[PDB]
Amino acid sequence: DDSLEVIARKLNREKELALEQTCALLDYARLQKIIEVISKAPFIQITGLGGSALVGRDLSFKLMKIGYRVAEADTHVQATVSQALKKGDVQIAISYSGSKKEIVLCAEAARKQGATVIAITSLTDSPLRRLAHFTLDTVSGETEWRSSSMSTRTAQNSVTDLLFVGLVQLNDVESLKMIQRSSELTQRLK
């Protein structure tokens, strides 16, 4: 039986397991240090391709709203941003495989300029994991072929979402003020 109800139930379980297996790997002490490193960044570049780029943009929209300076989709433009990073800036490199040439190149360029590279990647030995100062692991679990990318994205978002909440915690008043101003402005477009 391959009914839509069976598919929905199986996919929700696949996503639950990706959330569980990804969370199980977290080093929470080290995650807090990563959050503080991001909070001090004068500029943050989030890199990625495909679904990983969308995960990165989803985080970027929230970071922008709460006041971070965040760099877009074009891989060659991304390379130009990476070479312009400076000491204290942060690159968040989102790549499940950790082996996309464009993302590896941007991580190499950012590190060479003295920026801090934080990789969000699968639990595998990749060029990106070898370049990053810190790596946060994303595990999709054993997925069915039709839903591999969706469960991967679920795992990736579980990490970026936690980064966002941790950043809100460090600057709660300003975050609340900026959320309120943002809501007031967009409500004027109704």
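For every residue, the number given is its place in the sequence shown, counted from 1.
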How many missing residues of the deposited sequence lie between residue 109 and residue 110 in the entry, grouped as none, 1 to 3, 4 to 9, or 10 or more?
none
Higher avg CA temperature factor (129 to 137 vs 33 to 41, as deposited) belongs to 33 to 41
Out of 2 to 10 and 179 to 187, which one has CA B-factors that are higher on average in the deposited record?
2 to 10
If you check the C-alpha B-factor for each of 119, 77, 103, 71 in the entry, which is highest?
71
Ordered by C-alpha B-factor within the chain, which third holds residue 124? Give me lowest, middle or highest, please.
middle
Lowest, middle or highest third - CA B-factor, residue 48:
lowest
Here the Cα B-factor of residue 157, set against its chain, lands in the third termed lowest
Taking the C-alpha B-factors as the PDB entry records them, is residue 94 in the lowest, middle or highest third of its chain?
lowest
